[PDB]
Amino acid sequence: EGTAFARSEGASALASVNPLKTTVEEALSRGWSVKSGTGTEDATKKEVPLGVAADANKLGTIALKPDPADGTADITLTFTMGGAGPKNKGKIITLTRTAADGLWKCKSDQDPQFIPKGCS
C-alpha cells in the first residue's frame, strides 16, 4: 500500500526546505535580500544565498521565488518532487512567507493521505 512511505517522501521534501526559513528570516531582519546559490553573502547587493543547490535532495528540486527576494513581496520555497516514487511523482510542497504578516504557511498538492506532519 505504501502510505507511510509516501508521507516519508513528503517529510523529506519538507525537511530540505524548512531549515531555509531561518536563513530567510535572518537575512530580511538585516534588510538583506535572499537569492539562490551556494556561495556566501554578498554585501555589494546585500544578498544572502540560500546555501543549497537546487538538486541537493534527489527526490526533486528546491526553488526560491522571487529570486532575489527583499521581503516586500510574498516569498515561496518550493520542493518539487520530480524524483519521487509513483504516489508523489510531480507533487509540490510550498512554504509561503506572506509579506503582509511575515508568517509562513506550508501547503502540499499531494494526494491528501500522503501529506506529512507539519504541512496541510
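Residue numbers here begin at 1 and follow the sequence given.
Sorting the modelled residues of the chain by their CA temperature factor places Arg30 in the highest third.
Sort the chain's modelled residues by C-alpha temperature factor and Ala13 lands in the middle third, per the entry. Annotation for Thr96: CA B-factor lies in the middle third of the chain's modelled residues. In this PDB entry, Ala43 carries a Cα temperature factor that places it within the middle third of its chain's modelled residues. In the PDB entry, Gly51 places in the highest third of its chain by CA B-factor.
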